[PDB]
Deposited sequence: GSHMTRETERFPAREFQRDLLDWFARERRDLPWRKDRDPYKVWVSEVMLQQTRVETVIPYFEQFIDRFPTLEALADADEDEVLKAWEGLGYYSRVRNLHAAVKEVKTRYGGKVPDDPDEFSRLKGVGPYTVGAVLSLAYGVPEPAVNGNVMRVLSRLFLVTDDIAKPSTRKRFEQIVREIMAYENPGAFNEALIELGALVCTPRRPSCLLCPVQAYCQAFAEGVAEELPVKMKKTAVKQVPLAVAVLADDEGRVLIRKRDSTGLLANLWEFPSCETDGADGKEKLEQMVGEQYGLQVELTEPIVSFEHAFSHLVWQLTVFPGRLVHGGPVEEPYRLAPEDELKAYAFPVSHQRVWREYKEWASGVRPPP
């Protein structure tokens, strides 16, 4: 019922679509930025960040020209920071080799960093009307129920079948709305738990409702257990009130974000005190707390300490005043290190 569906869906969309910030216009830059911020992050959490981000980086060019350190700062607390580094590059590429005009050709836009199959379709379909499908988690949930597909949505293969299923039922007349409509539906109706089928605008066409198995779809593999990793962190202060920080390595975990000197303790303050060299003296642990990641959990332990000078501060390290820390981008884990330390000493 390719046509009956669209009509029922698109309409529901027209009257139920939320008035979200990135929906004010169809500007390719705005859309692209929100689509990237929304990856594995909830809309409510993204709204504030989006607004600040665009306020500070009004256009693709403004973003293109900004120092990456600023870019990270703007992303501070959002998670999966590699996303903004990829967007910063992609943009710099679009300014230089594309005349500041975001490609409207799948193959083209797709070569930019951070732009996978989903982004290509979301951005080009909503902003440029290109009929490419935009299949993400929500869409896969919706489609898997509508058509009763029981394949693991983890398999990129499934992503392709779902994508194929979109190429045949979408409303080629208005792809962008069809694609967002499908996404809103999964967001406000066809939810992960307790989907509201009784009031769904497309309940009809839903094989899953007919069979009473909607709450059992989509089929997903259960996440495995994550590694637990203890970490020693040093909060070193001068006599004048200056702390020691370093910029993490540009590749891997929390890439390019600043932090307080740390090291894996498989080791106590000994293992940490060693890494210092320097000229630092540490004492008993101020506190110990956890901090989860997708693939592991940090077992943190703070160690206070005085920093006596005796040489330059080079390498990744950097001497910084207290009224200047708030300018660096730190992971949520170390923002708590400082918070714990500051209330301790006060």
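Hey, which stretches of the deposited sequence didn't make it into the model?
No coordinates exist for the deposited residues in 1-11, 278-279, 291-294, 364-369, so these stretches are absent from the model.
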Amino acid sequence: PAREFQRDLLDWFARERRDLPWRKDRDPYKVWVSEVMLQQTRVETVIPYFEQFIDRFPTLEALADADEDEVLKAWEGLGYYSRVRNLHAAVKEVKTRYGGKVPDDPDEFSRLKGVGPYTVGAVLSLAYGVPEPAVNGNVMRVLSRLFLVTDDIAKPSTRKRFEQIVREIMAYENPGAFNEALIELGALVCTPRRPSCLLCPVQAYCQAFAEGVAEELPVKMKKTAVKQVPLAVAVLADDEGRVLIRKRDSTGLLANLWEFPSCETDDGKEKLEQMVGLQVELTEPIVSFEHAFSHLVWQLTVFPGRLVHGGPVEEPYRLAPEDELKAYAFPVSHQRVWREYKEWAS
From here on, numbers count along this sequence of modelled residues.
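Take the C-alpha B-factors listed in the entry for 158-166 and for 121-129, compute each mean, and give the stretch with the larger one.
The entry gives the higher C-alpha B-factor average to 158-166.
Out of 28-36 and 286-294, which stretch has the higher average CA B-factor listed in the record?
For C-alpha atoms only, the mean B-factor is higher in 286-294.
For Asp19, the third of its chain into which the C-alpha B factor falls:
Lowest third, going by the recorded CA B-factors of the chain.
Lowest, middle or highest third: where is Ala64 by Cα B-factor in its chain?
Answer is middle: the recorded C-alpha B-factor places it there.
Going by the recorded CA B-factors, say which third of the chain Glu281 sits in, lowest, middle or highest.
As the PDB entry reports it, the C-alpha B-factor of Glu281 lands in the highest third of its chain.
Mind checking which third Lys220 falls in for C-alpha B-factor across the chain?
Middle third - that is where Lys220 ends up once the chain's C-alpha B-factors are sorted.
Considering only modelled residues of the same chain, in which third does the CA B-factor of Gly137 rank: lowest, middle or highest?
Its C-alpha B-factor, which the entry lists for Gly137, ranks in the lowest third among residues of this chain.
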